[PDB]
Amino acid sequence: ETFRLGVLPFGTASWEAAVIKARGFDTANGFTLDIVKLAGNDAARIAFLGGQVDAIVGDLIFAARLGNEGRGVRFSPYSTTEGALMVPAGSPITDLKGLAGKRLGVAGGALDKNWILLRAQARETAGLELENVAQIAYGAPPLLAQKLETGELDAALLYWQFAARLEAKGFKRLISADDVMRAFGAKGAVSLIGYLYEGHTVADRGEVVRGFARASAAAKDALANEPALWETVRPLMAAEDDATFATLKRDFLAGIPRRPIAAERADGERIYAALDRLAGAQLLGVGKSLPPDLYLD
């Protein structure tokens, strides 16, 4: 039995995929993991829609959209670490209002989960619509990070893993999406990033799905229990700089999901429902409610 996992080249899923393969955690679960390299999220989402993989990593809001749009997709928590709003070190910007007039890169486009969270936060706290006051530039995270470094952007909302290298190059993480959800009043760590499993794989190859889910949990557990294992996966982390490697490890470990699925489901449902309520409007990208049976039991 082969399980096809689509991965991004700048993503963190490759790290645990490499542990699964090296430690034989796929073999231990009766399957072979096939890592499918996808160039970007757009291509990954099409590979998912085209049935070219058994799973990709993605966000709960996208998963809810696919589900509302008719897909049998299932979501399993991958990480509670998400999002990084990066500004130059020494920036006068201590708040979201200070983004006014700034060239702001936003990874993933106008429907990105981190952008929906940030826009909701700025509406709730400052009654401000960031798309009206900031010069928004959408793009893939690598591009945004490079253009923030070259000075064409003044700030950028990126995937969390981009903070460490930028911190080594003159930038500071002002806020995370985790900071935003704790401001909302979330008490529990919320996984907004998860494995998205194809409905057809869940229906006809459910034990391969469960075997991969077990292999992933075992790989995350190994990384949290065996500091030596990180040095084996370092080549895949783009972390030749020592502070970058340490920061990546710290934030990955902090994001390992450690709550029961029922609690994860209730928190996701409340944050989802809260989005529009905190925003004071129907945020584009967010449905009235989560589609039914979205979470993998």
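In this text, residue numbers run from 1 along the sequence as written.
- Between 210-218 and 120-128, it is 120-128 that carries the larger average Cα temperature factor according to the deposited entry.
- As the entry records it, the average C-alpha temperature factor is higher for 273-281, out of 273-281 and 21-29.
- The PDB entry gives the largest Cα B-factor of the residues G83, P77, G90, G105 to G90.
- Highest C-alpha temperature factor among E240, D251, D54, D267, as the PDB entry reports it: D267.
- Among all modelled residues in this chain, the alpha-carbon of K37 has a temperature factor (C-alpha) in the middle third.
- Ranked by C-alpha B-factor against the other modelled residues of its chain, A168 falls in the highest third.
- In this PDB entry, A262 carries a Cα temperature factor that places it within the highest third of its chain's modelled residues.
- Sorting the modelled residues of the chain by their CA temperature factor places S176 in the highest third.
- Per the deposited record, the Cα B-factor of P9 falls in the middle third when ranked against the other modelled residues of its chain.
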